[PDB]
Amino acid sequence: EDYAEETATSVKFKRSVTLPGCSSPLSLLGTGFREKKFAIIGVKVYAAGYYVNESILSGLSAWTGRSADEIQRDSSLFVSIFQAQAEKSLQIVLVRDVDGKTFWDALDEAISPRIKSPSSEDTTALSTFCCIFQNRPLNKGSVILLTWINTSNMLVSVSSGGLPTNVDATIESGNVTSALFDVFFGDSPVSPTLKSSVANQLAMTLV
């Protein structure tokens, strides 16, 4: 159809989308959910959809004909996706309210271990990134867009509902851009389902 459904949360993701600051429409490559245990039982925090400009597919021809499992366990393939000279974006849709401390804790846990010694440029990028979320309630239904323009530039947008239409911030930092990608597609993805979904789709596409 025109929309895909994320199994666990039932959140719908349009298969082809036009995103803020992106010239060409992007195609949905995978979906998944992120769950976390704050107390006793794990709960679903958000649904996520990863999009890519179809132009990056040609750049992954070295992996043609590989299985989903081979693709999933190949770090070089995901690094190649990150390095591709095209636009990619992650659409996060909150399925529960997220308060300030919860948000900062998660951001710190994701960034800090990956950037032990931030450069002045990284600090500036992170400050700009955080400013967008400061004094901003992240209630259920909120949509966050993390768009990769290149290996060092990202466009970030947030809405309280519906796909953002504006670019809230543009940041420059290879370390921050790389760190955020690793959060979702590295060895310990926060959303194993999202990574597996992307791997499966790539296996079908790189045939």
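Throughout, we count residues from 1 along the sequence that is shown.
(request) For the higher mean C-alpha B factor in the entry, choose 129-137 or 107-115. (result) Per the deposited B-factors, the answer is 129-137.
(request) Between 15-23 and 180-188, point out the one with the higher average CA B-factor as the PDB entry records it. (result) Comparing 15-23 with 180-188, the higher mean C-alpha B-factor belongs to 15-23.
(request) Can you pull the Cα B-factors for 91, 123, 80, 85 from the entry and say which is highest? (result) Most elevated C-alpha B-factor of the set, per the entry: 85.
(request) Would you mind finding, among 47, 57, 143, 156, the residue with the largest C-alpha temperature factor in the entry? (result) When the deposited C-alpha B-factors of 47, 57, 143, 156 are compared, 57 is largest.
(request) Determine, from the deposited record, the chain-internal third of the Cα B-factor for residue 36: lowest, middle or highest. (result) As the PDB entry reports it, the C-alpha B-factor of residue 36 lands in the lowest third of its chain.
(message) Among the modelled residues of this chain, does the Cα B factor of residue 53 put it in the lowest, middle or highest third?
(response) Ranked within chain, residue 53 CA B lands in the middle tercile.
(request) Please place residue 152 in the lowest, middle or highest third of its chain by C-alpha B factor as given in the entry. (result) According to the entry, residue 152 has a C-alpha B-factor in the chain's middle third.
(request) Would you mind checking where the Cα B-factor of residue 161 ranks among the modelled residues of its chain, as the lowest, middle or highest third? (result) Tercile = highest for this residue's CA B-factor.
(request) Going by the recorded CA B-factors, say which third of the chain residue 170 sits in, lowest, middle or highest. (result) Lowest third of the chain for residue 170's C-alpha B-factor.
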